[PDB]
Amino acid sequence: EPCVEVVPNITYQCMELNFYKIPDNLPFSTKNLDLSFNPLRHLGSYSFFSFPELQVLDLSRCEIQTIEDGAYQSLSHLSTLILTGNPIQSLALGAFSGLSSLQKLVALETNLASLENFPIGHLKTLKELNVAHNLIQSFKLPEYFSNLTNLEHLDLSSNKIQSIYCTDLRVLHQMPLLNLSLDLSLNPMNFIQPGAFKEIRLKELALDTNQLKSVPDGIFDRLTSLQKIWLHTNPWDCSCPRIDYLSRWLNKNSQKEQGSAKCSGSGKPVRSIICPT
């Protein structure tokens, strides 16, 4: 059965077997399938009909370029789907149809340019969405996010986001509350419109290694749910009183800040700056 049997009728390692399609010489009760590094090129409808028992499918670096409507139509118990490294250049509006139990979607490096046309509007069970390392330019969350009521982890790091406007998180208002861990680090971000995190419950915020020089006063006021924040490796402008707010704040919430936001030029910790009144 060319793939390796990690666990009888359960787990198999088919990576780098030079497959052009999904194998059929595997038990139907399979739960974990790793097909990474196989030139699959395309995924038509019912490409996993002979695996209605899957829960974890790894399709990393499979050279997949398109996924037709109902490609995973069968897979009703798939929990984790890894598509990392695939040069996707076409995604059917029903490409993810059939995944009624998907909790973790990993789409690192899949030429994603807009969450707008990202067909995940029907995945209510989605807990983690990792779309880091992509071409996303805007942080404006599509209104279909109001349907992803279980989403507790969102990674948009290493994309092309330049700023965070008040409208971006609009949708997160007209929907249920939840512990959302947001990662927006490693972005060419240099602006954050005032009051963009109000009424928004955030557990963790990652804004490190961007292009931020300053942040609106009171940007992190009512975030009692906040536990971890990253702001280090940013060209912070510590002139006064422009840096007054962030100074005191980061100084009070010291145990929350991971790493240390430093002043450009001096390299002085922003937390240890005191602006005269």
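In this text, residue numbers run from 1 along the sequence as written.
With 43-51 and 207-215 compared on mean CA B-factor from the PDB entry, the stretch scoring higher is 43-51. Set 242-250 against 34-42 and average the Cα temperature factors; 242-250 ends up higher. Residue-level inspection of the entry shows that, of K104, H133, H153, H173, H173 has the top Cα B-factor. Taking only the listed residues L186, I200, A95, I192, the entry reports the highest CA temperature factor at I200. Per-chain ranking of the deposited C-alpha B factor places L26 in the highest third. When the CA B factors of the chain's modelled residues are split into thirds, the value for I82 lands in the lowest one.
Residue-level temperature factors show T233 in the lowest third of its chain, judged at the C-alpha atom. Annotation for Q65: CA B-factor lies in the middle third of the chain's modelled residues. Among the modelled residues of its chain, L108 has a C-alpha B-factor that falls in the lowest third according to the deposited record.
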